[PDB]
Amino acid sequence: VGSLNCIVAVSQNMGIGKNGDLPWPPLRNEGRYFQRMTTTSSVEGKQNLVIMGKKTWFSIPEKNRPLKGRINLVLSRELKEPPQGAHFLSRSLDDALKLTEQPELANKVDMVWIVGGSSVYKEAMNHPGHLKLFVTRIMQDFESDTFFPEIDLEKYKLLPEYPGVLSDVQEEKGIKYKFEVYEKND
């Protein structure tokens, strides 16, 4: 119903995951930022929806499942029912959005956040319309097995700043990263 957004942490080499997990050691403030961005609703009495592929859901520690204070939807064409803890199961990205306009959720949901698989990002990315990409740039190489798709700079513009998002280089466990926001409308 509100805004459609993607959120991702990528290494210098475009890597997002290795063996079902993150390619770098745990970065707690990066995690806190993920949580803060997906969780904050811009409107009273509304909640954000988080859309993720099946392998992303299973990579969140069980004790954090479902992500608290968010509506959790899992995408899969193989599952019959949402996995244990999940609220909704959709067979495609169109259906997950079509569901949003269902009287059920229609008045409950503010923003919609895509929190991954590459598969999921690739598709959201080509979706027609207004979209924002929140990209945490991890500034080093990390051996990965799953990568984020290439951002087309002829369609996405890097914003010079964004309210509530730090513009300076962060550092944790001696890993430098920075937060970026890109916008499209076509």
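Heads up: residue numbers just count along the shown sequence, starting at 1.
- When the C-alpha B-factors of 141-149 and 122-130 are averaged, 122-130 comes out higher.
- Here the stretch with the larger average CA B-factor, out of 103-111 and 83-91, is 103-111.
- The residue among 136, 41, 35, 56 whose C-alpha carries the highest B-factor in the deposited model is 41.
- Among all modelled residues in its chain, residue 160 ranks in the middle third by Cα B-factor.
- When the modelled residues of the chain are ordered by their C-alpha B factor, residue 66 lands in the middle third.
- In the PDB entry, a CA B factor belonging to the lowest third of its chain's modelled residues is recorded for residue 9.
- The PDB entry assigns residue 22 a C-alpha temperature factor belonging to the middle third of its chain's modelled residues.
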